[PDB]
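Below is the file coords.cif, which contains mmCIF, C-alpha atoms (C1' of nucleotides); chains and numbers go by the auth columns.
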data_model
loop_
_atom_site.group_PDB
_atom_site.id
_atom_site.type_symbol
_atom_site.label_atom_id
_atom_site.label_comp_id
_atom_site.label_asym_id
_atom_site.label_seq_id
_atom_site.Cartn_x
_atom_site.Cartn_y
_atom_site.Cartn_z
_atom_site.B_iso_or_equiv
_atom_site.auth_seq_id
_atom_site.auth_asym_id
ATOM 1 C CA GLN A 1 69.796 94.608 88.016 0.00 423 A
ATOM 2 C CA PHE A 2 71.251 92.742 85.063 0.00 424 A
ATOM 3 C CA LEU A 3 73.390 90.642 87.390 0.00 425 A
ATOM 4 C CA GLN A 4 70.563 89.935 89.843 0.00 426 A
ATOM 5 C CA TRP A 5 67.749 88.906 87.498 0.00 427 A
ATOM 6 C CA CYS A 6 69.618 86.842 84.875 0.00 428 A
ATOM 7 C CA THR A 7 72.747 84.677 84.817 0.00 429 A
ATOM 8 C CA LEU A 8 74.978 87.334 83.211 0.00 430 A
ATOM 9 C CA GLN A 9 78.441 86.523 84.517 0.00 431 A
ATOM 10 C CA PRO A 10 80.176 89.596 86.017 0.00 432 A
ATOM 11 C CA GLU A 11 83.258 88.991 83.860 0.00 433 A
ATOM 12 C CA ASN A 12 81.413 89.944 80.656 0.00 434 A
ATOM 13 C CA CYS A 13 79.925 93.204 82.005 0.00 435 A
ATOM 14 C CA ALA A 14 81.723 96.529 81.602 0.00 436 A
ATOM 15 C CA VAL A 15 80.295 99.818 82.882 0.00 437 A
ATOM 16 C CA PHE A 16 81.490 102.779 80.795 0.00 438 A
ATOM 17 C CA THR A 17 80.938 105.762 83.088 0.00 439 A
ATOM 18 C CA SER A 18 83.113 108.693 84.142 0.00 440 A
ATOM 19 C CA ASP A 19 84.649 106.608 86.950 0.00 441 A
ATOM 20 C CA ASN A 20 85.824 103.399 85.241 0.00 442 A
ATOM 21 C CA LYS A 21 86.306 102.896 81.498 0.00 443 A
ATOM 22 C CA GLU A 22 87.659 99.347 81.151 0.00 444 A
ATOM 23 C CA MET A 23 85.996 97.250 78.450 0.00 445 A
ATOM 24 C CA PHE A 24 85.347 93.523 78.345 0.00 446 A
ATOM 25 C CA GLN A 25 87.883 91.627 76.238 0.00 447 A
ATOM 26 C CA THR A 26 85.831 88.420 76.093 0.00 448 A
ATOM 27 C CA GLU A 27 84.407 87.580 72.667 0.00 449 A
ATOM 28 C CA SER A 28 80.830 88.676 73.439 0.00 450 A
ATOM 29 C CA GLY A 29 79.932 90.938 76.346 0.00 451 A
ATOM 30 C CA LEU A 30 77.741 93.783 77.596 0.00 452 A
ATOM 31 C CA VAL A 31 78.318 97.545 77.776 0.00 453 A
ATOM 32 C CA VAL A 32 76.166 99.769 79.993 0.00 454 A
ATOM 33 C CA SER A 33 77.037 103.415 79.319 0.00 455 A
ATOM 34 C CA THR A 34 75.380 106.838 79.164 0.00 456 A
ATOM 35 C CA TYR A 35 74.507 109.271 76.394 0.00 457 A
ATOM 36 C CA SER A 36 76.884 111.954 77.678 0.00 458 A
ATOM 37 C CA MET A 37 79.742 109.432 77.449 0.00 459 A
ATOM 38 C CA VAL A 38 78.700 108.204 73.983 0.00 460 A
ATOM 39 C CA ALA A 39 77.144 111.234 72.221 0.00 461 A
ATOM 40 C CA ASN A 40 80.128 113.552 72.735 0.00 462 A
ATOM 41 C CA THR A 41 81.748 114.776 69.520 0.00 463 A
ATOM 42 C CA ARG A 42 84.423 117.424 70.080 0.00 464 A
ATOM 43 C CA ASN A 43 86.607 116.599 73.103 0.00 465 A
ATOM 44 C CA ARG A 44 87.171 113.011 74.227 0.00 466 A
ATOM 45 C CA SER A 45 90.000 112.090 76.573 0.00 467 A
ATOM 46 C CA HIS A 46 92.645 109.514 75.702 0.00 468 A
ATOM 47 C CA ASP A 47 91.183 107.056 78.214 0.00 469 A
ATOM 48 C CA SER A 48 87.677 107.552 76.780 0.00 470 A
ATOM 49 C CA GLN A 49 88.803 107.494 73.128 0.00 471 A
ATOM 50 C CA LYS A 50 89.936 103.859 73.053 0.00 472 A
ATOM 51 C CA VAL A 51 86.622 102.788 74.595 0.00 473 A
ATOM 52 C CA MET A 52 84.592 104.708 72.010 0.00 474 A
ATOM 53 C CA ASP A 53 86.584 103.083 69.203 0.00 475 A
ATOM 54 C CA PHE A 54 85.947 99.717 70.865 0.00 476 A
ATOM 55 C CA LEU A 55 82.215 100.482 70.809 0.00 477 A
ATOM 56 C CA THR A 56 82.242 101.650 67.185 0.00 478 A
ATOM 57 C CA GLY A 57 84.438 98.901 65.746 0.00 479 A
ATOM 58 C CA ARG A 58 82.253 95.967 66.745 0.00 480 A
ATOM 59 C CA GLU A 59 78.820 95.312 65.237 0.00 481 A
ATOM 60 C CA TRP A 60 76.460 95.132 68.205 0.00 482 A
ATOM 61 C CA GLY A 61 73.328 93.000 68.203 0.00 483 A
ATOM 62 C CA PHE A 62 71.032 94.948 70.525 0.00 484 A
ATOM 63 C CA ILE A 63 70.787 98.460 71.989 0.00 485 A
ATOM 64 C CA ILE A 64 68.613 99.359 74.986 0.00 486 A
ATOM 65 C CA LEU A 65 67.822 103.085 75.117 0.00 487 A
ATOM 66 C CA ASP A 66 66.579 103.751 78.643 0.00 488 A
ATOM 67 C CA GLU A 67 64.583 106.972 78.950 0.00 489 A
ATOM 68 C CA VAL A 68 64.102 107.180 75.188 0.00 490 A
ATOM 69 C CA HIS A 69 62.265 110.506 75.481 0.00 491 A
ATOM 70 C CA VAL A 70 65.687 112.213 75.285 0.00 492 A
ATOM 71 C CA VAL A 71 67.115 110.434 72.211 0.00 493 A
ATOM 72 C CA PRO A 72 65.518 112.820 69.649 0.00 494 A
ATOM 73 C CA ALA A 73 67.424 115.772 71.154 0.00 495 A
ATOM 74 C CA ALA A 74 69.812 117.803 69.004 0.00 496 A
ATOM 75 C CA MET A 75 72.869 115.618 69.670 0.00 497 A
ATOM 76 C CA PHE A 76 71.756 112.461 71.507 0.00 498 A
ATOM 77 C CA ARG A 77 70.147 111.128 68.322 0.00 499 A
ATOM 78 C CA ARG A 78 73.632 110.888 66.795 0.00 500 A
ATOM 79 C CA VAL A 79 74.389 107.772 68.859 0.00 501 A
ATOM 80 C CA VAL A 80 71.557 105.862 67.176 0.00 502 A
ATOM 81 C CA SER A 81 73.386 106.339 63.859 0.00 503 A
ATOM 82 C CA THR A 82 77.016 105.875 64.937 0.00 504 A
ATOM 83 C CA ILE A 83 76.457 102.672 66.915 0.00 505 A
ATOM 84 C CA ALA A 84 75.829 99.730 64.593 0.00 506 A
ATOM 85 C CA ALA A 85 72.987 97.443 65.648 0.00 507 A
ATOM 86 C CA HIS A 86 70.346 95.204 64.098 0.00 508 A
ATOM 87 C CA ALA A 87 67.810 95.722 66.902 0.00 509 A
ATOM 88 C CA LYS A 88 66.814 98.840 68.839 0.00 510 A
ATOM 89 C CA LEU A 89 64.525 99.029 71.876 0.00 511 A
ATOM 90 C CA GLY A 90 63.229 102.073 73.727 0.00 512 A
ATOM 91 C CA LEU A 91 62.148 102.034 77.378 0.00 513 A
ATOM 92 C CA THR A 92 60.388 105.029 78.914 0.00 514 A
ATOM 93 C CA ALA A 93 57.490 105.610 81.280 0.00 515 A
ATOM 94 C CA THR A 94 56.732 108.975 79.643 0.00 516 A
ATOM 95 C CA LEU A 95 56.880 109.489 75.870 0.00 517 A
ATOM 96 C CA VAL A 96 56.368 113.271 75.809 0.00 518 A
ATOM 97 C CA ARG A 97 58.490 116.364 75.174 0.00 519 A
ATOM 98 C CA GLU A 98 57.697 120.058 74.887 0.00 520 A
ATOM 99 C CA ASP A 99 58.998 120.403 71.318 0.00 521 A
ATOM 100 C CA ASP A 100 57.751 118.558 68.217 0.00 522 A
ATOM 101 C CA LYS A 101 60.696 116.123 68.141 0.00 523 A
ATOM 102 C CA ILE A 102 58.753 113.261 69.765 0.00 524 A
ATOM 103 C CA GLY A 103 57.611 111.994 66.371 0.00 525 A
ATOM 104 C CA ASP A 104 61.239 111.730 65.260 0.00 526 A
ATOM 105 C CA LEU A 105 61.443 108.465 67.208 0.00 527 A
ATOM 106 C CA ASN A 106 59.628 106.698 64.364 0.00 528 A
ATOM 107 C CA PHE A 107 62.605 106.728 61.975 0.00 529 A
ATOM 108 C CA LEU A 108 65.236 106.552 64.734 0.00 530 A
ATOM 109 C CA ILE A 109 64.293 103.324 66.531 0.00 531 A
ATOM 110 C CA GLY A 110 60.947 102.369 65.009 0.00 532 A
ATOM 111 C CA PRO A 111 57.279 102.361 66.003 0.00 533 A
ATOM 112 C CA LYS A 112 55.701 102.022 69.447 0.00 534 A
ATOM 113 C CA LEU A 113 55.071 98.329 70.084 0.00 535 A
ATOM 114 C CA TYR A 114 53.154 98.246 73.375 0.00 536 A
ATOM 115 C CA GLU A 115 51.647 100.576 75.963 0.00 537 A
ATOM 116 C CA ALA A 116 50.220 99.847 79.409 0.00 538 A
ATOM 117 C CA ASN A 117 47.647 101.601 81.568 0.00 539 A
ATOM 118 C CA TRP A 118 48.618 103.072 84.931 0.00 540 A
ATOM 119 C CA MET A 119 45.449 102.390 86.932 0.00 541 A
ATOM 120 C CA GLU A 120 45.210 98.821 85.618 0.00 542 A
ATOM 121 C CA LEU A 121 48.606 97.915 87.075 0.00 543 A
ATOM 122 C CA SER A 122 47.792 99.924 90.216 0.00 544 A
ATOM 123 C CA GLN A 123 44.682 97.882 91.042 0.00 545 A
ATOM 124 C CA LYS A 124 46.545 94.619 90.323 0.00 546 A
ATOM 125 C CA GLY A 125 49.214 95.335 92.947 0.00 547 A
ATOM 126 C CA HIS A 126 52.042 95.895 90.463 0.00 548 A
ATOM 127 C CA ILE A 127 52.492 99.590 91.355 0.00 549 A
ATOM 128 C CA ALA A 128 51.503 101.653 94.373 0.00 550 A
ATOM 129 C CA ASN A 129 48.422 103.837 94.744 0.00 551 A
ATOM 130 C CA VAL A 130 49.021 107.554 95.301 0.00 552 A
ATOM 131 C CA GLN A 131 46.683 110.225 96.682 0.00 553 A
ATOM 132 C CA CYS A 132 47.877 113.210 94.655 0.00 554 A
ATOM 133 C CA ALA A 133 47.389 116.569 96.358 0.00 555 A
ATOM 134 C CA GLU A 134 48.037 120.236 95.579 0.00 556 A
ATOM 135 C CA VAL A 135 48.493 122.482 98.620 0.00 557 A
ATOM 136 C CA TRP A 136 47.591 126.169 98.286 0.00 558 A
ATOM 137 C CA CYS A 137 50.020 128.132 100.456 0.00 559 A
ATOM 138 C CA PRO A 138 48.715 131.723 100.235 0.00 560 A
ATOM 139 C CA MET A 139 51.641 134.086 99.835 0.00 561 A
ATOM 140 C CA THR A 140 52.101 136.242 102.911 0.00 562 A
ATOM 141 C CA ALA A 141 51.311 139.925 102.516 0.00 563 A
ATOM 142 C CA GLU A 142 54.912 141.034 102.846 0.00 564 A
ATOM 143 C CA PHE A 143 56.352 138.769 100.240 0.00 565 A
ATOM 144 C CA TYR A 144 53.507 139.233 97.770 0.00 566 A
ATOM 145 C CA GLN A 145 54.033 142.951 97.428 0.00 567 A
ATOM 146 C CA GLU A 146 57.509 142.426 95.957 0.00 568 A
ATOM 147 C CA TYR A 147 56.133 139.831 93.518 0.00 569 A
ATOM 148 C CA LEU A 148 54.245 142.602 91.720 0.00 570 A
ATOM 149 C CA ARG A 149 57.262 144.805 90.969 0.00 571 A
ATOM 150 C CA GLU A 150 59.968 142.204 90.358 0.00 572 A
ATOM 151 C CA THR A 151 60.814 140.822 86.924 0.00 573 A
ATOM 152 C CA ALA A 152 59.998 137.309 85.728 0.00 574 A
ATOM 153 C CA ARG A 153 63.366 135.655 86.423 0.00 575 A
ATOM 154 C CA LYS A 154 63.650 136.769 90.069 0.00 576 A
ATOM 155 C CA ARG A 155 59.929 136.436 90.771 0.00 577 A
ATOM 156 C CA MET A 156 60.562 132.664 90.672 0.00 578 A
ATOM 157 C CA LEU A 157 62.953 132.728 93.623 0.00 579 A
ATOM 158 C CA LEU A 158 60.466 135.007 95.384 0.00 580 A
ATOM 159 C CA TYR A 159 57.462 132.658 95.267 0.00 581 A
ATOM 160 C CA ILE A 160 59.584 129.569 95.960 0.00 582 A
ATOM 161 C CA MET A 161 60.803 130.845 99.357 0.00 583 A
ATOM 162 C CA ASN A 162 57.631 132.255 100.913 0.00 584 A
ATOM 163 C CA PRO A 163 57.592 131.283 104.613 0.00 585 A
ATOM 164 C CA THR A 164 54.186 129.582 104.431 0.00 586 A
ATOM 165 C CA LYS A 165 55.724 126.961 102.137 0.00 587 A
ATOM 166 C CA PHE A 166 58.428 126.339 104.743 0.00 588 A
ATOM 167 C CA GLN A 167 55.741 125.811 107.386 0.00 589 A
ATOM 168 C CA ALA A 168 53.673 123.486 105.193 0.00 590 A
ATOM 169 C CA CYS A 169 56.714 121.398 104.253 0.00 591 A
ATOM 170 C CA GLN A 170 57.837 121.238 107.886 0.00 592 A
ATOM 171 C CA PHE A 171 54.380 120.155 109.076 0.00 593 A
ATOM 172 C CA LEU A 172 53.973 117.471 106.406 0.00 594 A
ATOM 173 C CA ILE A 173 57.490 116.123 106.978 0.00 595 A
ATOM 174 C CA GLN A 174 56.918 115.764 110.720 0.00 596 A
ATOM 175 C CA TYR A 175 53.444 114.277 110.241 0.00 597 A
ATOM 176 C CA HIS A 176 54.578 111.622 107.758 0.00 598 A
ATOM 177 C CA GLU A 177 57.813 110.834 109.613 0.00 599 A
ATOM 178 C CA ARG A 178 55.706 109.961 112.660 0.00 600 A
ATOM 179 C CA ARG A 179 53.802 107.605 110.338 0.00 601 A
ATOM 180 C CA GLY A 180 57.071 105.799 109.560 0.00 602 A
ATOM 181 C CA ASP A 181 57.258 107.042 105.973 0.00 603 A
ATOM 182 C CA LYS A 182 60.311 107.737 103.816 0.00 604 A
ATOM 183 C CA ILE A 183 59.923 111.191 102.263 0.00 605 A
ATOM 184 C CA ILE A 184 61.584 112.720 99.208 0.00 606 A
ATOM 185 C CA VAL A 185 61.555 116.495 98.683 0.00 607 A
ATOM 186 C CA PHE A 186 62.184 117.563 95.091 0.00 608 A
ATOM 187 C CA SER A 187 63.300 121.053 94.087 0.00 609 A
ATOM 188 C CA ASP A 188 64.679 122.102 90.709 0.00 610 A
ATOM 189 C CA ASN A 189 65.997 125.295 92.333 0.00 611 A
ATOM 190 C CA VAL A 190 69.237 124.563 94.165 0.00 612 A
ATOM 191 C CA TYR A 191 69.348 127.643 96.416 0.00 613 A
ATOM 192 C CA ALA A 192 65.998 126.744 97.975 0.00 614 A
ATOM 193 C CA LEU A 193 67.074 123.100 98.227 0.00 615 A
ATOM 194 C CA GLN A 194 70.149 124.017 100.270 0.00 616 A
ATOM 195 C CA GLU A 195 68.230 126.535 102.386 0.00 617 A
ATOM 196 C CA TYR A 196 65.527 123.982 103.208 0.00 618 A
ATOM 197 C CA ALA A 197 68.074 121.252 103.947 0.00 619 A
ATOM 198 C CA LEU A 198 70.305 123.326 106.226 0.00 620 A
ATOM 199 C CA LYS A 199 67.203 124.638 108.011 0.00 621 A
ATOM 200 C CA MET A 200 65.849 121.120 108.649 0.00 622 A
ATOM 201 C CA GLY A 201 69.204 119.359 109.074 0.00 623 A
ATOM 202 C CA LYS A 202 68.655 116.772 106.338 0.00 624 A
ATOM 203 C CA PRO A 203 70.907 115.514 103.530 0.00 625 A
ATOM 204 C CA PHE A 204 70.468 116.837 100.004 0.00 626 A
ATOM 205 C CA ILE A 205 71.725 115.927 96.529 0.00 627 A
ATOM 206 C CA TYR A 206 72.251 118.133 93.484 0.00 628 A
ATOM 207 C CA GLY A 207 74.257 118.272 90.279 0.00 629 A
ATOM 208 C CA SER A 208 77.608 119.224 91.798 0.00 630 A
ATOM 209 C CA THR A 209 77.652 116.064 93.902 0.00 631 A
ATOM 210 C CA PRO A 210 80.334 113.410 93.306 0.00 632 A
ATOM 211 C CA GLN A 211 78.865 110.082 92.283 0.00 633 A
ATOM 212 C "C1'" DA B 1 177.641 97.747 182.956 0.00 1 B
ATOM 213 C "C1'" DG B 2 179.426 95.563 178.669 0.00 2 B
ATOM 214 C "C1'" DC B 3 181.890 91.450 176.781 0.00 3 B
ATOM 215 C "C1'" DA B 4 183.554 86.460 176.790 0.00 4 B
ATOM 216 C "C1'" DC B 5 182.195 81.980 178.195 0.00 5 B
ATOM 217 C "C1'" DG B 6 179.329 78.016 180.140 0.00 6 B
ATOM 218 C "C1'" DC B 7 174.537 75.908 180.519 0.00 7 B
ATOM 219 C "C1'" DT B 8 170.089 75.209 178.928 0.00 8 B
ATOM 220 C "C1'" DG B 9 166.150 74.892 175.940 0.00 9 B
ATOM 221 C "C1'" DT B 10 164.463 74.815 170.874 0.00 10 B
ATOM 222 C "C1'" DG B 11 164.586 73.054 166.073 0.00 11 B
ATOM 223 C "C1'" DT B 12 165.660 69.315 162.709 0.00 12 B
ATOM 224 C "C1'" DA B 13 165.799 63.809 161.487 0.00 13 B
ATOM 225 C "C1'" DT B 14 163.656 58.622 162.390 0.00 14 B
ATOM 226 C "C1'" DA B 15 160.052 55.101 163.708 0.00 15 B
ATOM 227 C "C1'" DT B 16 155.213 54.252 166.000 0.00 16 B
ATOM 228 C "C1'" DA B 17 150.263 54.017 168.100 0.00 17 B
ATOM 229 C "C1'" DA B 18 146.309 56.828 169.672 0.00 18 B
ATOM 230 C "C1'" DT B 19 142.615 61.243 168.821 0.00 19 B
ATOM 231 C "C1'" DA B 20 140.152 65.460 167.782 0.00 20 B
ATOM 232 C "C1'" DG B 21 140.338 69.617 165.532 0.00 21 B
ATOM 233 C "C1'" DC B 22 140.920 72.475 161.819 0.00 22 B
ATOM 234 C "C1'" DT B 23 142.563 73.235 157.007 0.00 23 B
ATOM 235 C "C1'" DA B 24 142.808 72.728 151.793 0.00 24 B
ATOM 236 C "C1'" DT B 25 140.235 71.510 147.718 0.00 25 B
ATOM 237 C "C1'" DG B 26 136.877 70.421 144.337 0.00 26 B
ATOM 238 C "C1'" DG B 27 131.762 70.954 143.334 0.00 27 B
ATOM 239 C "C1'" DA B 28 127.399 73.608 143.467 0.00 28 B
ATOM 240 C "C1'" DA B 29 124.489 77.384 144.177 0.00 29 B
ATOM 241 C "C1'" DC B 30 122.799 82.442 144.806 0.00 30 B
ATOM 242 C "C1'" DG B 31 123.394 87.684 145.302 0.00 31 B
ATOM 243 C "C1'" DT B 32 125.672 92.172 144.013 0.00 32 B
ATOM 244 C "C1'" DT B 33 127.762 95.322 140.556 0.00 33 B
ATOM 245 C "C1'" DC B 34 129.926 96.503 135.782 0.00 34 B
ATOM 246 C "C1'" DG B 35 129.557 97.104 130.098 0.00 35 B
ATOM 247 C "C1'" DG B 36 88.778 124.268 90.380 0.00 36 B
ATOM 248 C "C1'" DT B 37 87.805 126.081 86.089 0.00 37 B
ATOM 249 C "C1'" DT B 38 86.148 125.203 80.953 0.00 38 B
ATOM 250 C "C1'" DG B 39 83.276 123.919 77.529 0.00 39 B
ATOM 251 C "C1'" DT B 40 79.227 121.672 75.490 0.00 40 B
ATOM 252 C "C1'" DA B 41 74.312 119.634 76.115 0.00 41 B
ATOM 253 C "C1'" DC B 42 69.913 119.753 77.642 0.00 42 B
ATOM 254 C "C1'" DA B 43 65.479 121.551 79.017 0.00 43 B
ATOM 255 C "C1'" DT B 44 62.581 125.486 79.247 0.00 44 B
ATOM 256 C "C1'" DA B 45 61.136 130.980 78.969 0.00 45 B
#
If you convert what's in this file into structure tokens, what do you get?
Amino acid sequence: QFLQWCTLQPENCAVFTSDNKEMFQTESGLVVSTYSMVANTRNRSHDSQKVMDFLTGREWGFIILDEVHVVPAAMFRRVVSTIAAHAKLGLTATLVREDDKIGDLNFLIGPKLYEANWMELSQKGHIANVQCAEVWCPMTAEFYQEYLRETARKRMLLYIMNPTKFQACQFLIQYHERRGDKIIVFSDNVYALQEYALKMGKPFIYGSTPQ
DNA sequence: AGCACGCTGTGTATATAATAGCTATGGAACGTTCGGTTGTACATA
């Protein structure tokens, strides 16, 4: 995106991820990295230790914290202190977290400059309109009976795999595919994700996947 | 009938013309047959 929208020459851009760790040697350049590769404290590899020293030694002029709703976490906030910078910007669509650490952003990166409405940009053609829906798949009699006895932690897997949900997902997928739509099926539970994918013969992605 | 002797043809040398037929002898080509597990974050009960 940086290359496409502005005239940033590729020579001055270095991506510090788990794959490649080379750093730009030109006087002034750009580093696009991740919190996991910059907030680590205990164990850094030899290849990743020179890069971190390269980041720390120089006095940067600007830091862009994408998805800044995770910076006030227990350890991610450490990067805001270690990295030297005279300007800090936070970019996030959602500025909410379950705990009370959201307010910590004030003394980490500063105040909230601007906010934008969602419907205003939707009616102006800048973002798409969505008809949100919530389908009620009544649990079948057989599955439901077990839901009463089982404990909290297993009850989750029980009400995620009820057959009616399989039928509803299969019907919607077929209906929208006929409409020439590209569908995404989210699932935080990996076992259900694999079971659904192998049952419908569709690709799936989860945490164990190589980049 | 075998051996000695006389007679007769053949070869070798020389020149020469005529003629047709085969032989060498170089020169050129083509065809056949041998040398994955650990450890730490993060988000939620």
(message) Could you list, as number ranges by chain, every residue within 12 Å of residue 534 in chain A, counting only C-alpha atoms (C1' of nucleotides) and ignoring same-chain residues fewer than 6 positions away?
(response) A: 490, 510-514, 517, 524-528
(message) For the PyMOL selection byres ((chain B) within 12 of (chain A)), applied here, can you spell out every residue it catches as a list in words?
(response)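 On this input, the PyMOL selection byres ((chain B) within 12 of (chain A)) captures residues 38, 39, 40, 41, 42, 43, 44 and 45 of chain B.
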(message) Can you tell me which residues surround range 613-620 of chain A at a distance of at most 10 Å, considering all atoms listed in the file, apart from same-chain residues fewer than 5 positions away, and format the answer as a PyMOL selection string?
(response) chain A and resi 579+582-583+588+591-592+607-608+625-628
(message) For a test of reading the model, state the distance in Å between CA of residue 633 in chain A and CA of residue 443 in chain A, rounded to one decimal.
(response) 14.9 Å
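Note that CA of residue 589 in chain A and CA of residue 568 in chain A are 20.2 Å apart.
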(request) Can you work out the spacing between CA of residue 457 in chain A and CA of residue 491 in chain A in Å, to one decimal? (result)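 Separating CA of residue 457 in chain A from CA of residue 491 in chain A is a distance of 12.3 Å.
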Expand the PyMOL selection byres ((chain A and resi 561) around 10) into the explicit residue set it covers here, and present it as a short mmCIF file (atom, residue, chain, number, x, y, z; two decimals) with C-alpha atoms, in the frame of the given file.
data_model
loop_
_atom_site.label_atom_id
_atom_site.label_comp_id
_atom_site.auth_asym_id
_atom_site.auth_seq_id
_atom_site.Cartn_x
_atom_site.Cartn_y
_atom_site.Cartn_z
CA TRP A 558 47.59 126.17 98.29
CA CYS A 559 50.02 128.13 100.46
CA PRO A 560 48.72 131.72 100.24
CA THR A 562 52.10 136.24 102.91
CA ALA A 563 51.31 139.93 102.52
CA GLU A 564 54.91 141.03 102.85
CA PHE A 565 56.35 138.77 100.24
CA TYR A 566 53.51 139.23 97.77
CA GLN A 567 54.03 142.95 97.43
CA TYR A 569 56.13 139.83 93.52
CA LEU A 580 60.47 135.01 95.38
CA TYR A 581 57.46 132.66 95.27
CA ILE A 582 59.58 129.57 95.96
CA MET A 583 60.80 130.84 99.36
CA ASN A 584 57.63 132.26 100.91
CA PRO A 585 57.59 131.28 104.61
CA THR A 586 54.19 129.58 104.43
CA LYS A 587 55.72 126.96 102.14
#
Point (73.5, 100.1, 66.8) neighbourhood (10 Å, only C-alpha atoms (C1' of nucleotides)) written as a PDB file with C-alpha atoms, in the frame of the given file:
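The resulting file, point02.pdb, is reproduced below:
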ATOM      1  CA  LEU A 477      82.215 100.482  70.809  1.00  0.00           C
ATOM      2  CA  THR A 478      82.242 101.650  67.185  1.00  0.00           C
ATOM      3  CA  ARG A 480      82.253  95.967  66.745  1.00  0.00           C
ATOM      4  CA  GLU A 481      78.820  95.312  65.237  1.00  0.00           C
ATOM      5  CA  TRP A 482      76.460  95.132  68.205  1.00  0.00           C
ATOM      6  CA  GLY A 483      73.328  93.000  68.203  1.00  0.00           C
ATOM      7  CA  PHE A 484      71.032  94.948  70.525  1.00  0.00           C
ATOM      8  CA  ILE A 485      70.787  98.460  71.989  1.00  0.00           C
ATOM      9  CA  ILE A 486      68.613  99.359  74.986  1.00  0.00           C
ATOM     10  CA  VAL A 501      74.389 107.772  68.859  1.00  0.00           C
ATOM     11  CA  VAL A 502      71.557 105.862  67.176  1.00  0.00           C
ATOM     12  CA  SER A 503      73.386 106.339  63.859  1.00  0.00           C
ATOM     13  CA  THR A 504      77.016 105.875  64.937  1.00  0.00           C
ATOM     14  CA  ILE A 505      76.457 102.672  66.915  1.00  0.00           C
ATOM     15  CA  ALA A 506      75.829  99.730  64.593  1.00  0.00           C
ATOM     16  CA  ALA A 507      72.987  97.443  65.648  1.00  0.00           C
ATOM     17  CA  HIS A 508      70.346  95.204  64.098  1.00  0.00           C
ATOM     18  CA  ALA A 509      67.810  95.722  66.902  1.00  0.00           C
ATOM     19  CA  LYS A 510      66.814  98.840  68.839  1.00  0.00           C
ATOM     20  CA  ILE A 531      64.293 103.324  66.531  1.00  0.00           C
TER      21      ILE A 531
END
